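Letter by letter, the sequence shown follows residues 313 to 604 in my numbering. Step one of this worksheet: look at the structure below.
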Amino acid sequence: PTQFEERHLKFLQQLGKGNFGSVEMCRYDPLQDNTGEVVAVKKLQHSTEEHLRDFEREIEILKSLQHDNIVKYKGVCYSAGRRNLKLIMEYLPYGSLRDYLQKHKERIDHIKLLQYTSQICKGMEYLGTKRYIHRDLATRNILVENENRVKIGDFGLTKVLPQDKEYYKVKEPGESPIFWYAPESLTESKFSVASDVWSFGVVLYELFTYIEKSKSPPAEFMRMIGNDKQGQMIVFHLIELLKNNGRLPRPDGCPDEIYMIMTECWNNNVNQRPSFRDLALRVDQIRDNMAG
Ligand SMILES: C[C@@H](O)c1nc2cnc3[nH]ccc3c2n1[C@H]1CC[C@H](C#N)CC1
Numbered sequence: 313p314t315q316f317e318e319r320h321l322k323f324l325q326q327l328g329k330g331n332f333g334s335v336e337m338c339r340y341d342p343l344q345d346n347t348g349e350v351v352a353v354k355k356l357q358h359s360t361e362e363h364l365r366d367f368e369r370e371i372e373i374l375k376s377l378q379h380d381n382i383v384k385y386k387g388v389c390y391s392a393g394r395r396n397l398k399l400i401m402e403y404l405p406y407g408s409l410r411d412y413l414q415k416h417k418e419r420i421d422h423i424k425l426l427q428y429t430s431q432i433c434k435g436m437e438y439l440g441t442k443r444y445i446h447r448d449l450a451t452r453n454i455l456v457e458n459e460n461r462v463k464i465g466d467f468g469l470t471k472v473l474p475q476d477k478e479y480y481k482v483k484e485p486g487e488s489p490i491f492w493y494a495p496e497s498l499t500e501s502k503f504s505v506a507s508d509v510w511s512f513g514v515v516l517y518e519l520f521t522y523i524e525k526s527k528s529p530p531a532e533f534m535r536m537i538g539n540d541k542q543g544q545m546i547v548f549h550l551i552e553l554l555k556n557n558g559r560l561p562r563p564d565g566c567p568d569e570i571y572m573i574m575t576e577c578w579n580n581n582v583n584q585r586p587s588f589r590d591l592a593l594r595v596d597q598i599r600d601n602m603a604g
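This is the structure in structure tokens:
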């Protein structure tokens, strides 16, 4: 059941790319009459030994996850006559939360943003039970299932913690989403549940900006750093800024109690950041206490 035949998998559309993988919208059509289910298919651009090993790990990670706020694993396709590997996931028609919020920003009130926030936290609590570190939380990686439900939608950088170890050092050669990174990820390449909490704070920030371009984390940090800065100078200044309490500003219209949650996530002291369980409870208590 979790093995899809390449001959029945038909390309429809490109969905997106990230890291060293691409995701496409495909019809799985065993009846060969254009009526079959639509699925999302992830492929690697280069099946090097390293990239393929990492992809197999990603597949095992997603397969192991079963939660209402995590995109569903469907299977694998051993394509090119079983000399290639593709990952099959459910396809969510509403797309990413990033694009959804940018489109429906009038429809979506604060209570709804908090509902999405809560759901992201719950998916992350679940990841923590498996000792998985996501390492790439951002609204681009969250999918909308319906107007009332989101799912964490990509796990391309997700790592399993070594047993009883609180962090994983990933000396990555190449680009990184530095404007979502915790300071210790920038300075020591250390990723942990606590660095996911930092990045979650940035996701919460993203939501309350409604993805206004001039308010993005890169736009705001570069404004503080100096828009003229290039290369490593950007990283030097970002690190120095963060170490001495430089932070993203409170978004226009954002309740101060919600900004306080972001600022608590953005603690330089790793062991003082709240847990995802703390965060889900706090966010749901706020929602439950609100005027409506
Ligand atoms: C268009 C893009 O936001 C998108 N729409 C999707 C619908 N269903 C999906 N099922 C799995 C991914 C996925 C989808 N993705 C993105 C999510 C992020 C991913 C990465 N990296 C690229 C595809």
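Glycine residues also receive a C-beta, built at the ideal position from the N, C-alpha and C atoms.
Item	Value
Backbone secondary structure at residue 511 - three-state DSSP	helix
Residue 466 beta carbon near ligand 3 (any heavy atom closer than 6 Å)	This structure lacks ligand 3; the ligands present are ligand 1.
CB-CB length for residue 404 against residue 463, believed under 8 Å	7 Å
Of the residues 490, 470, 569, the one placed nearest residue 514, counting alpha carbons only	490
Rounded straight-line distance, which links the Cα of residue 542 to that of residue 522	27 Å
Under the three-state DSSP convention, the category residue 571 falls into	helix
Residue burial classification, residue 471 (beta-carbon count within 10 angstroms, cutoff 16)	buried
Complete runs of the beta strand (DSSP E) confined to the region 394 to 421 [at least 3 residues]	398 to 402
7 Å Cβ cutoff met for residue 380 and residue 446	no
Check: residue 602 C-beta below 6 Å from any heavy atom of ligand 1	no
Other residues of its chain near residue 335: CB distance less than 6 Å, five sequence neighbours each side excluded	327, 328, 352, 354
Residue 433, DSSP secondary structure in three states	helix
Range covered by the alpha helix (DSSP H) that runs through residue 555	544 to 555
The region 427 to 436 / the region 590 to 600 touching (three or more Cβ pairs under 8 Å)	yes
heavy atom of ligand 1 below 6 Å from residue 404 C-beta	yes
Spatial distance of residue 333 from residue 517 (CA atoms)	27 Å
Pairwise C-alpha distance: residue 520 and residue 598	15 Å
Rounded separation between residue 350 and residue 388 - CA only	15 Å
3 or more residues per run - each beta strand (DSSP E) lying fully within the region 427 to 490	454 to 458, 461 to 464, 479 to 481
Three-way DSSP call (helix, strand, coil) for residue 316 in this model	coil
Burial state of residue 450 (16 or more Cβ within 10 Å)	buried
Three-state secondary structure (DSSP) of residue 585	coil
Three-way DSSP call (helix, strand, coil) for residue 501 in this model	coil
Separation of residue 477 from residue 376, as counted between CA atoms	20 Å
Neighbourhood of residue 412 by C-beta, 7 Å cutoff - its chain only, sequence neighbours within 5 removed	406, 456
7 Å Cβ cutoff met for residue 442 and residue 479	no
Residue closest to residue 481, alpha-carbon to alpha-carbon, out of 487, 492, 498	498
Local conformation of residue 523 per DSSP, three classes	coil
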